[PDB]
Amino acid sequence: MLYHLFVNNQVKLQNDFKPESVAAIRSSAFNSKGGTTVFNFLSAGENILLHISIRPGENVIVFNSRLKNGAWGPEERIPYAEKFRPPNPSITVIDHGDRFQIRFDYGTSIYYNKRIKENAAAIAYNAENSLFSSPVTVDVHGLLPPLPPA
């Protein structure tokens, strides 16, 4: 399923993002002057199941979760440098049941253990000055699609 996810907006998913689901987010641009750029996977109750905060200014990408009216938990941090490939950078998120896998354009996959036991009903995209295009292209799968060779 193809969605166009606009900056400072969200897309309501046709079906729950749940174990086996794959979200392939692709940008048509890389804005080198972009600031903190965020993607959130939200439950129907607006709990933030997976928060991805890309922060060029701190050279970090931060992962976290929080309940709608609750506090942020411990942060899981990785370096920002050499993760994205211009001019079409990407983020791929896969739900593995007990954890999410997050893949950027370079480096090994990041794994983030689930903290809130709910499926996602929406994906949100926030930035005052995005690193990426508005919208981003998002293809969401219920399961890994058949793979091309080589």
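From 1 onward, residues are counted along the sequence shown.
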- prompt: When the C-alpha temperature factors are averaged for each of 10 to 18 and 132 to 140, which stretch ends up with the higher value in the entry?
  reply: 10 to 18
task: Compare the mean C-alpha B-factor of 39 to 47 with that of 100 to 108 as given in the PDB entry, and name the stretch with the higher value.
output: 39 to 47
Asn64 - which third its CA temperature factor falls in, relative to the rest of the chain: middle
- request: Divide the modelled residues of the chain into thirds by Cα B-factor and specify which third, lowest, middle or highest, holds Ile54.
  value: middle
query: Among the chain's modelled residues, which third holds the C-alpha B-factor of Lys83?
result: middle
query: Lowest, middle or highest third of the chain for the C-alpha temperature factor of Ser90?
result: lowest
B-factor third for the C-alpha atom of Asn113 within its chain: middle
